[PDB]
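Structure, as structure tokens:
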Amino acid sequence: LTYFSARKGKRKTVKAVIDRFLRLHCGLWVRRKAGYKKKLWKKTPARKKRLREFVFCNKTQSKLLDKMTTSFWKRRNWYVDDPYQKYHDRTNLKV
Amino acid sequence: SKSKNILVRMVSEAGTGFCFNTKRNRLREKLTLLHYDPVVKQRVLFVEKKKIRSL
Amino acid sequence: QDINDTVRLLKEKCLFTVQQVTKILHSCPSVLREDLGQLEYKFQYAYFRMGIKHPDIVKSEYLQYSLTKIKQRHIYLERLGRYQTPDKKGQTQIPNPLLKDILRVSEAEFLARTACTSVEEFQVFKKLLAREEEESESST
Amino acid sequence: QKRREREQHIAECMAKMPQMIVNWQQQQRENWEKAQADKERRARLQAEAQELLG
Amino acid sequence: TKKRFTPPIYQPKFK
Amino acid sequence: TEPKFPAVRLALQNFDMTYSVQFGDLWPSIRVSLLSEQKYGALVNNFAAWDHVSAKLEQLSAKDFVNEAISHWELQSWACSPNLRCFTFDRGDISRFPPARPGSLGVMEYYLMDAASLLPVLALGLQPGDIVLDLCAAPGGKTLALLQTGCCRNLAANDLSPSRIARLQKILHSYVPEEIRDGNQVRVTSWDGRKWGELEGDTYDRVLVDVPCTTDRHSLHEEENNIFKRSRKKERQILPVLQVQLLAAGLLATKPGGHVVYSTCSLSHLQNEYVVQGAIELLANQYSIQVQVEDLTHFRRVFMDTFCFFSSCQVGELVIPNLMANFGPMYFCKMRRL
RNA sequence: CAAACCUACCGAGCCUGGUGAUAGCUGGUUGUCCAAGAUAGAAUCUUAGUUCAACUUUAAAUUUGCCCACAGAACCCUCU
RNA sequence: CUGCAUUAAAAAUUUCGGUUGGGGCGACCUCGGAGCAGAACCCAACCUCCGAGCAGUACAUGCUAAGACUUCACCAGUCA
Ligand SMILES: C[S@@+](CC[C@H](N)C(=O)[O-])C[C@H]1O[C@@H](n2cnc3c(N)ncnc32)[C@H](O)[C@@H]1O
Ligand SMILES: [Mg+2]
Ligand SMILES: [Mg+2]
């Protein structure tokens with residue numbers, strides 16, 4: 001990770017995480033499952049079913065992805081008819 | 001590690017374009033199965049069109 | 001040009017001396033017509049599998065003979081045990097039959113003297129050998 | 001146009017879909033009976049084979 | 001046992 | 001590749017120094033056949049469309065040598081195992097059988113194997129309503145032929161290697177219908193063969209023993225799992241002592257008056273004749289068992305049309321490979337327990 | 001042909017520059033006082049290292065935490 | 001003479017996976033079962049071995065969805 005760029009002197013962003021992960025404004029990160037398009041013929045329907053959802057990351061991975069991503073991707077976006085609009089805020093969360 | 005079976009593609013005859021993959025024996029005629037088609041919400045015939053790979 | 005690269009093939013790729021090449025051209029005029037690929041394979045077949053050096057092949061006129069016929073006679077003897085490919089040291093545990101009686105002589109006497117087997121066995125082997133070559137060529 | 005063309009393609013195929021379904025099932029049954037009939041002859045050909053011995 | 005030789009170093013004469 | 005002295009060449013070198021004196025001038029004749037592609041035989045599956053397969057095979061210019069053999073059985077004069085159909089090409093014929101295809105019954109039409117492998121089955125002399133034991137059954141060359149006869153109410157198949165016994169189950173499933181194997185009529189087990197001397201002593205009437213040996217045809221071609229590998233050099237030396245025990249175990253398991261066939265794919269008498277002599281001597285001294293070796297000259301006299309035999313045998317029968325008929329090498333001897 | 005010699009260290013001369021080369025390796029790492037504070041593992045061209053985990057520290061929110069009375073935790077196989 | 005191809009020649013850059021006293025010759029690296037590990041779980045070698053790198057039968061071997069378990073992390077896997 002480039003902490004200070006040679007042309008602007010500011011932290012850069014690892015584009016690898018951008019192409020693979022989606023971040024909600026609440027701080028949660030959404031990812032796919034590895035191998036969900038590989039060797040589908042040798043996997044049971046139950047295994048294939050649970051392989052094609054979108055799952056969240058734990059605290060350490062969320063901290064890992066935040067450090068590799070600049071503040072631009074942590075802003076609040078107002079996309080029109082955004083499918084994940086309802087998931088950007090937590091409801092009835094205690095502690 | 002001889003490959004005795006082959007993975008083949010089954011295409012619906014209803015024209016919906018729905019396909020699914022199943023394994024078959026190399027020394028066998030083309031399979032014409034009866035499988036559920038999610039597009040038409042009913043069971044229709046599927047015929048074999050192409051061979052995917054050999055396992 | 002086709003003469004130019006042929007002698008270049010013989011002198012450089014086949015590593016023949018100038019005098020030997022002139023002897024090859026004089027003794028065997030038929031080397032010019034066919035392509036370079038099968039001549040190099042014919043030469044290396046004798047050099048490695050038969051273990052015969054340059055003065056022997058330029059004296060016995062080995063190149064003028066058909067590639068198919070030399071393959072049939074040499075492989076049969078090797079499988080018969082009458083012919084053994086020389087090792088790295090160049091030592092053969094059995095006396096190698098002279099190149100003269102393998103090829104220069106007719107098959108009837110060649111079978112009678114060196115092979116010591118019936119004619120129909122050789123014909124069966126010839127069909128067997130031709131089958132493996134076309135499978136090998138198809139595979140390659 | 002393409003949505004209409006696609007939809008009428010299914011309607012044409014689904015109109016005759018039960019026709020070849022029962023035809024395929026009839027063919028599946030008919031060869032099974034033929035195989036059983038061949039076995040009966042095979043079981044029969046053993047009978048005279050035993051009969052010829054005795 | 002390669003030949004290892006360290007040539008002497010001379011201090012400057014001004015001292 | 002391999003560093004130095006490949007096991008294929010090591011096997012050939014050992015064969016050369018051993019078979020040069022063993023066979024005399026016949027060694028070069030069989031050396032080529034061992035180095036040449038073997039001629040395959042097509043055993044017709046009786047459970048499949050045997051009449052249609054036989055009709056189909058005859059259109060490919062193939063003759064039923066077994067059917068021809070039983071014709072000359074009376075011409076020359078315990079009979080043999082009946083209702084066996086195997087088709088082979090003529091002497092000097094090079095064509096190969098097309099790959100087998102399943103029939104309308106769902107079972108494989110026929111099987112492809114070495115013709116000489118069927119000879120031990122014929123010399124066993126199967127009878128209807130018999131009991132069959134098979135030591136070293138996998139992969140199922142003998143077992144498939146035995147089940148084709150259909151003269152055994154119960155069959156016991158044993159082999160040590162689970163991997164090879166696994167492929168034995170595959171050929172049984174593909175060829176033999178499940179209802180015949182559903183009951184205890186066919187039994188497949190994987191234990192040591194030497195235990196049958198105590199497991200079921202004097203039980204089976206017919207027993208076939210095919211001891212492991214340095215397969216001459218396979219050793220000169222395959223480069224993996226070679227008996228002549230220096231790691232298997234220790235195992236190769238102790239091959240006869242396991243062979244004599246395995247024959248002893250089969251001779252103990254068979255009932256008095258039973259028929260035993262000892263078969264092996266090799267040409268050296270060290271694993272063919274001396275093992276038979278060692279087993280009969282061991283039983284006479286240790287277990288005090290008398291066993292009589294039957295003469296199979298009449299068995300041989302019917303098969304020179306399609307097979308080549310070595311005419312200097314002592315106790316058993318040895319089949320030499322030849323260019324005209326590449327079947328073999330196979331050795332088999334028949335003895336009866338008294 | 002001694003892998004000799006090429007300005008008193010030539011298996012590839014010397015000087016300057018790239019250069020504050022790199023080093024999972026060695027050595028070093030400067031005032032006072034108090035407190036908390038140790039040995040499950042996994043992966044790794046990895047076992048002289050690193051990451052996760054466990055352990056440990058600080059601040060904050062909350063309520064149960066340790067100890068443990070009966071009852072309860074398999075058969076072929078009694079080292080019951 | 002230039003451009004594009006094919007052969008050679010002479011060269012350029014880079015590297016030498018681990019485990020088994022060393023070498024030679026070989027063996028092993030992934031997954032599962034019993035022994036150690038006797039009664040929740042876990043528990044190591046130079047460990048003792050035995051096996052596995054398939055096949056069979058379906059063709060709703062369809063689609064959604066509470067609640068849970070885990071090979072001591074993650075990735076992944078499992079039940080419903
Ligand atoms: C020479 S093969 C015979 C193959 C088959 N019976 C045939 O005729 O085609 C013998 C096989 O028996 C197996 N085997 C070796 N020792 C055995 C034993 N002690 N008990 C049972 N099987 C054994 C080996 O794996 C070997 O592949
Ligand atoms: Mg430094
Ligand atoms: Mg303290």
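To be explicit about the labels: the chains of the structure tokens are called A, B, and onward in the order shown, and within each one the residues are counted from 1, while ligands get numbers from 1 in the order they are shown.
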
Discussion item. Using only C-alpha atoms (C1' of nucleotides) and all ligand atoms, which residues of the polymer chains come no farther than 9 Å from ligand 1? I'd like the answer as a ChimeraX atom specification.
Written reply: /F:113-114,117-118,120,134-143,158-165,190-195,208-215,242-243,245-246,263-265

Could you turn the residues from that selection into a file that holds C-alpha atoms, as a short mmCIF file (atom, residue, chain, number, x, y, z; two decimals), in the first residue's frame?
data_model
loop_
_atom_site.label_atom_id
_atom_site.label_comp_id
_atom_site.auth_asym_id
_atom_site.auth_seq_id
_atom_site.Cartn_x
_atom_site.Cartn_y
_atom_site.Cartn_z
CA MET F 113 -8.72 -59.89 -23.27
CA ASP F 114 -5.87 -62.26 -24.08
CA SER F 117 -6.34 -66.29 -20.35
CA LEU F 118 -9.44 -68.34 -21.22
CA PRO F 120 -7.29 -72.08 -17.47
CA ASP F 134 -11.10 -67.81 -7.16
CA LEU F 135 -7.84 -66.74 -5.53
CA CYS F 136 -6.48 -63.43 -6.87
CA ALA F 137 -9.71 -62.68 -8.72
CA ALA F 138 -9.10 -59.02 -9.57
CA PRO F 139 -9.37 -57.43 -12.06
CA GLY F 140 -11.73 -60.20 -13.20
CA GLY F 141 -10.27 -61.91 -16.25
CA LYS F 142 -11.06 -65.36 -14.87
CA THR F 143 -14.12 -64.29 -12.87
CA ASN F 158 -10.79 -62.87 -3.27
CA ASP F 159 -8.00 -60.39 -4.00
CA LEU F 160 -5.69 -58.50 -1.66
CA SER F 161 -5.60 -55.11 -3.38
CA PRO F 162 -8.75 -53.01 -2.77
CA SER F 163 -7.95 -50.90 -5.84
CA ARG F 164 -7.91 -53.84 -8.25
CA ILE F 165 -10.88 -55.44 -6.49
CA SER F 190 -10.41 -58.76 0.13
CA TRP F 191 -8.15 -60.73 2.48
CA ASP F 192 -4.94 -62.73 2.26
CA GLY F 193 -5.21 -65.87 0.15
CA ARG F 194 -3.15 -67.97 2.56
CA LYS F 195 -5.97 -67.84 5.13
CA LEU F 208 -8.72 -71.54 -9.55
CA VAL F 209 -5.39 -70.15 -8.32
CA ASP F 210 -3.73 -67.43 -10.40
CA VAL F 211 -0.72 -66.48 -8.26
CA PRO F 212 0.97 -63.10 -8.84
CA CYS F 213 4.02 -63.37 -11.06
CA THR F 214 6.38 -61.31 -13.18
CA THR F 215 4.01 -60.83 -16.12
CA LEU F 242 4.43 -66.80 -1.78
CA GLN F 243 3.37 -68.74 -4.89
CA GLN F 245 1.96 -71.01 -0.16
CA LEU F 246 -0.90 -69.67 -2.29
CA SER F 263 -2.15 -70.52 -13.63
CA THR F 264 0.52 -67.87 -14.14
CA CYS F 265 1.60 -65.48 -16.89
#

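Residues surrounding segment 13-28 of chain G within 12 Å are residues 5, 6, 7, 10, 46, 48, 49 and 50 of chain G [only C-alpha atoms (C1' of nucleotides); sequence separation below 3 positions excluded].
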
Expected file contents, prior selection, C-alpha atoms (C1' of nucleotides), as a PDB file, in the first residue's frame:
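And here is the file that came out, again.pdb:
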ATOM      1  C1'   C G   5      49.290 -11.789 -15.536  1.00  0.00           C
ATOM      2  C1'   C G   6      46.927  -6.840 -16.567  1.00  0.00           C
ATOM      3  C1'   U G   7      50.584  -1.023 -10.619  1.00  0.00           C
ATOM      4  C1'   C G  10      42.010 -10.512 -10.584  1.00  0.00           C
ATOM      5  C1'   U G  46       7.598 -21.997   5.627  1.00  0.00           C
ATOM      6  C1'   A G  48      16.410 -17.662  11.809  1.00  0.00           C
ATOM      7  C1'   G G  49      10.387 -14.801   9.211  1.00  0.00           C
ATOM      8  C1'   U G  50       5.278 -13.199   8.420  1.00  0.00           C
TER       9        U G  50
END

Item to complete: Show which residues sit within 12 Å of residue 5 of chain C, as a PyMOL selection string. Count only C-alpha atoms (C1' of nucleotides), and ignore same-chain residues fewer than 2 positions away.
Response: (chain C and resi 1-3+7-14+32+35-37) or (chain H and resi 7-8)

Export of the given selection (N, CA, C and O atoms (P, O5', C5', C4', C3', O3' and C1' of nucleotides)) as a PDB file, in the first residue's frame:
ATOM      1  N   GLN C   1      19.506 -23.523 -55.261  1.00  0.00           N
ATOM      2  CA  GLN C   1      19.247 -23.435 -53.829  1.00  0.00           C
ATOM      3  C   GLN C   1      19.002 -24.799 -53.195  1.00  0.00           C
ATOM      4  O   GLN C   1      19.523 -25.080 -52.110  1.00  0.00           O
ATOM      5  N   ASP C   2      18.210 -25.658 -53.843  1.00  0.00           N
ATOM      6  CA  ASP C   2      17.910 -26.958 -53.249  1.00  0.00           C
ATOM      7  C   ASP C   2      19.158 -27.827 -53.150  1.00  0.00           C
ATOM      8  O   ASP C   2      19.255 -28.669 -52.251  1.00  0.00           O
ATOM      9  N   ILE C   3      20.108 -27.653 -54.070  1.00  0.00           N
ATOM     10  CA  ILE C   3      21.409 -28.290 -53.909  1.00  0.00           C
ATOM     11  C   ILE C   3      22.214 -27.598 -52.818  1.00  0.00           C
ATOM     12  O   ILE C   3      22.979 -28.247 -52.094  1.00  0.00           O
ATOM     13  N   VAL C   7      23.736 -29.862 -49.417  1.00  0.00           N
ATOM     14  CA  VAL C   7      25.123 -30.071 -49.014  1.00  0.00           C
ATOM     15  C   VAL C   7      25.417 -29.339 -47.711  1.00  0.00           C
ATOM     16  O   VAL C   7      26.218 -29.811 -46.895  1.00  0.00           O
ATOM     17  N   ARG C   8      24.787 -28.181 -47.493  1.00  0.00           N
ATOM     18  CA  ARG C   8      24.909 -27.505 -46.207  1.00  0.00           C
ATOM     19  C   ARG C   8      24.332 -28.364 -45.091  1.00  0.00           C
ATOM     20  O   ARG C   8      24.887 -28.420 -43.987  1.00  0.00           O
ATOM     21  N   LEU C   9      23.210 -29.034 -45.362  1.00  0.00           N
ATOM     22  CA  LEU C   9      22.657 -29.984 -44.404  1.00  0.00           C
ATOM     23  C   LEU C   9      23.637 -31.118 -44.133  1.00  0.00           C
ATOM     24  O   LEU C   9      23.848 -31.506 -42.978  1.00  0.00           O
ATOM     25  N   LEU C  10      24.252 -31.654 -45.188  1.00  0.00           N
ATOM     26  CA  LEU C  10      25.181 -32.767 -45.021  1.00  0.00           C
ATOM     27  C   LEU C  10      26.457 -32.327 -44.314  1.00  0.00           C
ATOM     28  O   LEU C  10      26.950 -33.026 -43.421  1.00  0.00           O
ATOM     29  N   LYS C  11      27.008 -31.175 -44.698  1.00  0.00           N
ATOM     30  CA  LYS C  11      28.287 -30.737 -44.149  1.00  0.00           C
ATOM     31  C   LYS C  11      28.154 -30.220 -42.722  1.00  0.00           C
ATOM     32  O   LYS C  11      29.008 -30.507 -41.875  1.00  0.00           O
ATOM     33  N   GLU C  12      27.100 -29.455 -42.433  1.00  0.00           N
ATOM     34  CA  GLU C  12      26.945 -28.809 -41.134  1.00  0.00           C
ATOM     35  C   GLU C  12      26.020 -29.589 -40.206  1.00  0.00           C
ATOM     36  O   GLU C  12      26.427 -29.988 -39.111  1.00  0.00           O
ATOM     37  N   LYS C  13      24.773 -29.814 -40.626  1.00  0.00           N
ATOM     38  CA  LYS C  13      23.817 -30.480 -39.748  1.00  0.00           C
ATOM     39  C   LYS C  13      24.165 -31.950 -39.562  1.00  0.00           C
ATOM     40  O   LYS C  13      24.090 -32.473 -38.445  1.00  0.00           O
ATOM     41  N   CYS C  14      24.553 -32.633 -40.638  1.00  0.00           N
ATOM     42  CA  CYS C  14      24.961 -34.029 -40.554  1.00  0.00           C
ATOM     43  C   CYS C  14      26.439 -34.200 -40.232  1.00  0.00           C
ATOM     44  O   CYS C  14      26.863 -35.323 -39.938  1.00  0.00           O
ATOM     45  N   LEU C  32      19.334 -35.940 -53.987  1.00  0.00           N
ATOM     46  CA  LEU C  32      18.918 -34.579 -54.310  1.00  0.00           C
ATOM     47  C   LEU C  32      17.404 -34.422 -54.393  1.00  0.00           C
ATOM     48  O   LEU C  32      16.881 -33.357 -54.047  1.00  0.00           O
ATOM     49  N   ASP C  35      13.214 -34.437 -49.884  1.00  0.00           N
ATOM     50  CA  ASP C  35      13.372 -33.282 -49.013  1.00  0.00           C
ATOM     51  C   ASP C  35      14.430 -33.546 -47.943  1.00  0.00           C
ATOM     52  O   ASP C  35      14.916 -34.665 -47.761  1.00  0.00           O
ATOM     53  N   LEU C  36      14.781 -32.478 -47.223  1.00  0.00           N
ATOM     54  CA  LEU C  36      15.828 -32.568 -46.212  1.00  0.00           C
ATOM     55  C   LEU C  36      15.350 -33.278 -44.952  1.00  0.00           C
ATOM     56  O   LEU C  36      16.160 -33.881 -44.240  1.00  0.00           O
ATOM     57  N   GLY C  37      14.050 -33.210 -44.655  1.00  0.00           N
ATOM     58  CA  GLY C  37      13.563 -33.732 -43.386  1.00  0.00           C
ATOM     59  C   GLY C  37      13.768 -35.228 -43.244  1.00  0.00           C
ATOM     60  O   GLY C  37      14.242 -35.706 -42.210  1.00  0.00           O
TER      61      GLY C  37
ATOM     62  P     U H   7      12.739 -21.992 -37.747  1.00  0.00           P
ATOM     63  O5'   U H   7      13.757 -22.813 -38.654  1.00  0.00           O
ATOM     64  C5'   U H   7      14.917 -23.399 -38.089  1.00  0.00           C
ATOM     65  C4'   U H   7      16.097 -23.304 -39.020  1.00  0.00           C
ATOM     66  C3'   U H   7      17.449 -23.156 -38.345  1.00  0.00           C
ATOM     67  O3'   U H   7      17.973 -24.399 -37.917  1.00  0.00           O
ATOM     68  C1'   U H   7      17.266 -21.604 -40.130  1.00  0.00           C
ATOM     69  P     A H   8      17.942 -24.801 -36.364  1.00  0.00           P
ATOM     70  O5'   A H   8      19.467 -25.108 -36.029  1.00  0.00           O
ATOM     71  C5'   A H   8      20.301 -24.109 -35.467  1.00  0.00           C
ATOM     72  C4'   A H   8      21.335 -23.619 -36.449  1.00  0.00           C
ATOM     73  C3'   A H   8      22.450 -22.781 -35.847  1.00  0.00           C
ATOM     74  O3'   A H   8      23.481 -23.581 -35.300  1.00  0.00           O
ATOM     75  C1'   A H   8      21.584 -21.681 -37.751  1.00  0.00           C
TER      76        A H   8
END

Item to complete: List all protein, DNA and RNA residues that have an atom no more than 12 Å from any atom of ligand 3, counting only C-alpha atoms (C1' of nucleotides) and all ligand atoms, and report them as a PyMOL selection string.
Response: chain G and resi 34-37

Written file, previous selection with N, CA and C atoms (P, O5', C5', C4', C3', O3' and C1' of nucleotides), as a PDB file, in the first residue's frame:
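See out_2.pdb below for the written result:
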ATOM      1  P     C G  34       9.626   2.498  41.383  1.00  0.00           P
ATOM      2  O5'   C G  34       8.066   2.540  41.069  1.00  0.00           O
ATOM      3  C5'   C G  34       7.141   2.916  42.076  1.00  0.00           C
ATOM      4  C4'   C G  34       5.725   2.948  41.560  1.00  0.00           C
ATOM      5  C3'   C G  34       5.191   1.663  40.954  1.00  0.00           C
ATOM      6  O3'   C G  34       4.812   0.700  41.921  1.00  0.00           O
ATOM      7  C1'   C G  34       4.600   3.483  39.577  1.00  0.00           C
ATOM      8  P     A G  35       4.812  -0.862  41.541  1.00  0.00           P
ATOM      9  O5'   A G  35       3.550  -1.029  40.583  1.00  0.00           O
ATOM     10  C5'   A G  35       2.235  -0.793  41.060  1.00  0.00           C
ATOM     11  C4'   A G  35       1.235  -0.738  39.933  1.00  0.00           C
ATOM     12  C3'   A G  35       1.102  -1.999  39.095  1.00  0.00           C
ATOM     13  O3'   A G  35       0.282  -2.979  39.707  1.00  0.00           O
ATOM     14  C1'   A G  35       1.261  -0.124  37.669  1.00  0.00           C
ATOM     15  P     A G  36       0.619  -4.540  39.533  1.00  0.00           P
ATOM     16  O5'   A G  36      -0.032  -4.921  38.130  1.00  0.00           O
ATOM     17  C5'   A G  36      -1.434  -4.829  37.928  1.00  0.00           C
ATOM     18  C4'   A G  36      -1.792  -4.932  36.467  1.00  0.00           C
ATOM     19  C3'   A G  36      -1.294  -6.173  35.741  1.00  0.00           C
ATOM     20  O3'   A G  36      -2.114  -7.309  35.949  1.00  0.00           O
ATOM     21  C1'   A G  36      -0.780  -4.267  34.457  1.00  0.00           C
ATOM     22  P     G G  37      -1.456  -8.721  36.347  1.00  0.00           P
ATOM     23  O5'   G G  37      -0.587  -9.121  35.073  1.00  0.00           O
ATOM     24  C5'   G G  37      -1.204  -9.455  33.838  1.00  0.00           C
ATOM     25  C4'   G G  37      -0.208  -9.450  32.706  1.00  0.00           C
ATOM     26  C3'   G G  37       0.935 -10.448  32.815  1.00  0.00           C
ATOM     27  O3'   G G  37       0.576 -11.750  32.382  1.00  0.00           O
ATOM     28  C1'   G G  37       1.801  -8.323  32.265  1.00  0.00           C
TER      29        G G  37
END

Worksheet item: Quick one: which residues from chain F are at most 12 Å off chain C, using only C-alpha atoms, as number ranges by chain?
Response: F: 5, 12-13, 15-17, 20, 25-39, 91-96, 220, 322-326

Write a file of the selected residues as a short mmCIF file (atom, residue, chain, number, x, y, z; two decimals), in the first residue's frame, keeping N, CA, C and O atoms.
data_model
loop_
_atom_site.label_atom_id
_atom_site.label_comp_id
_atom_site.auth_asym_id
_atom_site.auth_seq_id
_atom_site.Cartn_x
_atom_site.Cartn_y
_atom_site.Cartn_z
N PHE F 5 19.05 -47.24 -16.16
CA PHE F 5 18.59 -48.62 -16.24
C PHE F 5 17.10 -48.73 -15.97
O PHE F 5 16.69 -49.15 -14.89
N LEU F 12 13.97 -56.95 -19.49
CA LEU F 12 14.43 -57.57 -20.73
C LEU F 12 15.80 -58.20 -20.56
O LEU F 12 16.06 -59.29 -21.08
N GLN F 13 16.70 -57.52 -19.84
CA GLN F 13 18.03 -58.08 -19.61
C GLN F 13 17.96 -59.36 -18.80
O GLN F 13 18.65 -60.34 -19.10
N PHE F 15 15.34 -61.32 -18.66
CA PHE F 15 14.71 -62.30 -19.54
C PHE F 15 15.71 -62.88 -20.53
O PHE F 15 15.70 -64.09 -20.80
N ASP F 16 16.60 -62.04 -21.06
CA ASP F 16 17.58 -62.51 -22.04
C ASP F 16 18.51 -63.55 -21.44
O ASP F 16 18.69 -64.64 -21.99
N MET F 17 19.11 -63.24 -20.28
CA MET F 17 20.06 -64.15 -19.67
C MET F 17 19.40 -65.42 -19.14
O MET F 17 20.08 -66.44 -19.00
N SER F 20 17.53 -67.45 -22.68
CA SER F 20 18.42 -67.89 -23.75
C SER F 20 18.71 -69.38 -23.63
O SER F 20 18.70 -70.10 -24.63
N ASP F 25 16.68 -72.02 -29.18
CA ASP F 25 16.48 -71.21 -30.37
C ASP F 25 15.08 -70.61 -30.46
O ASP F 25 14.83 -69.80 -31.35
N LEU F 26 14.18 -71.00 -29.56
CA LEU F 26 12.82 -70.45 -29.57
C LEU F 26 12.73 -69.08 -28.91
O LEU F 26 11.70 -68.42 -29.06
N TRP F 27 13.78 -68.65 -28.20
CA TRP F 27 13.74 -67.35 -27.54
C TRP F 27 13.60 -66.19 -28.52
O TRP F 27 12.76 -65.31 -28.27
N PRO F 28 14.36 -66.11 -29.62
CA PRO F 28 14.14 -64.99 -30.56
C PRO F 28 12.73 -64.95 -31.14
O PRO F 28 12.19 -63.86 -31.37
N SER F 29 12.13 -66.11 -31.38
CA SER F 29 10.78 -66.14 -31.94
C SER F 29 9.76 -65.54 -30.98
O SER F 29 8.88 -64.78 -31.39
N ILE F 30 9.88 -65.86 -29.69
CA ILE F 30 8.95 -65.31 -28.71
C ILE F 30 9.38 -63.94 -28.21
O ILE F 30 8.57 -63.22 -27.61
N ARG F 31 10.64 -63.55 -28.43
CA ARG F 31 11.08 -62.23 -28.02
C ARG F 31 10.37 -61.14 -28.80
O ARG F 31 9.97 -60.11 -28.24
N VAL F 32 10.20 -61.34 -30.11
CA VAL F 32 9.51 -60.35 -30.94
C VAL F 32 8.05 -60.22 -30.52
O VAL F 32 7.52 -59.11 -30.40
N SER F 33 7.39 -61.35 -30.28
CA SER F 33 5.97 -61.33 -29.92
C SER F 33 5.76 -60.59 -28.60
O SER F 33 4.79 -59.85 -28.45
N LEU F 34 6.66 -60.80 -27.63
CA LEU F 34 6.58 -60.05 -26.39
C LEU F 34 6.78 -58.56 -26.63
O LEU F 34 6.22 -57.73 -25.91
N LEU F 35 7.59 -58.20 -27.63
CA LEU F 35 7.82 -56.81 -27.99
C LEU F 35 6.82 -56.28 -29.00
O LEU F 35 6.89 -55.10 -29.37
N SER F 36 5.88 -57.11 -29.46
CA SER F 36 4.89 -56.71 -30.45
C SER F 36 3.50 -56.71 -29.83
O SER F 36 3.25 -57.34 -28.80
N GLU F 37 2.60 -55.97 -30.48
CA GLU F 37 1.23 -55.85 -29.98
C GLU F 37 0.54 -57.20 -29.95
O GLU F 37 0.61 -57.97 -30.91
N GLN F 38 -0.14 -57.49 -28.84
CA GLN F 38 -0.80 -58.77 -28.66
C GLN F 38 -2.14 -58.80 -29.39
O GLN F 38 -2.79 -57.78 -29.58
N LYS F 39 -2.53 -60.00 -29.80
CA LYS F 39 -3.80 -60.21 -30.49
C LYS F 39 -4.90 -60.47 -29.46
O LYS F 39 -4.78 -61.35 -28.61
N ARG F 91 -5.02 -67.05 -38.05
CA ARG F 91 -3.57 -66.98 -37.91
C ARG F 91 -3.00 -65.95 -38.88
O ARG F 91 -3.34 -65.95 -40.06
N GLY F 92 -2.14 -65.08 -38.36
CA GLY F 92 -1.57 -64.03 -39.17
C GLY F 92 -2.47 -62.84 -39.41
O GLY F 92 -2.08 -61.93 -40.15
N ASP F 93 -3.67 -62.83 -38.83
CA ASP F 93 -4.57 -61.70 -38.98
C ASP F 93 -4.22 -60.61 -37.98
O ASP F 93 -3.90 -60.89 -36.82
N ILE F 94 -4.28 -59.36 -38.44
CA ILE F 94 -3.81 -58.23 -37.65
C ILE F 94 -4.96 -57.33 -37.19
O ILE F 94 -4.74 -56.48 -36.31
N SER F 95 -6.16 -57.48 -37.74
CA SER F 95 -7.26 -56.61 -37.38
C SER F 95 -7.63 -56.77 -35.90
O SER F 95 -7.47 -57.85 -35.32
N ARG F 96 -8.12 -55.69 -35.31
CA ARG F 96 -8.50 -55.66 -33.91
C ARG F 96 -10.00 -55.44 -33.79
O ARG F 96 -10.63 -54.83 -34.65
N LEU F 220 7.57 -55.80 -19.93
CA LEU F 220 8.34 -55.22 -21.03
C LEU F 220 7.69 -53.97 -21.61
O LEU F 220 8.32 -53.29 -22.43
N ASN F 322 3.68 -66.06 -30.27
CA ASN F 322 4.23 -66.14 -31.61
C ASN F 322 3.66 -65.00 -32.44
O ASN F 322 2.65 -64.38 -32.08
N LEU F 323 4.32 -64.70 -33.56
CA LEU F 323 3.83 -63.64 -34.43
C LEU F 323 2.50 -64.02 -35.07
O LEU F 323 1.61 -63.17 -35.22
N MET F 324 2.34 -65.29 -35.45
CA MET F 324 1.07 -65.74 -36.01
C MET F 324 -0.04 -65.71 -34.97
O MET F 324 -1.18 -65.32 -35.28
N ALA F 325 0.26 -66.10 -33.74
CA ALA F 325 -0.70 -66.07 -32.64
C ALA F 325 0.03 -65.52 -31.42
O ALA F 325 0.86 -66.21 -30.82
N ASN F 326 -0.28 -64.28 -31.05
CA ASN F 326 0.44 -63.57 -30.01
C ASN F 326 -0.10 -63.89 -28.61
O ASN F 326 0.44 -63.39 -27.62
#

Item to complete: Name all residues at most 12 Å from residue 69 of chain A (count only C-alpha atoms (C1' of nucleotides); drop same-chain ones fewer than 5 positions away) and give them as a ChimeraX atom specification.
Response: /A:1-3,11-19,21-23,29,62-64,74-75

Worksheet item: What separation in Å, quoted to one decimal, exists between atom CA of residue 47 of chain B and atom CA of residue 32 of chain B?
Response: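 We find that atom CA of residue 47 of chain B and atom CA of residue 32 of chain B lie 4.4 Å from each other.
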
Discussion item. Report, in Å to a single decimal, how far apart atom CA of residue 248 of chain F and atom CA of residue 197 of chain F are.
Written reply: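 Distance between the two atoms: 7.7 Å.
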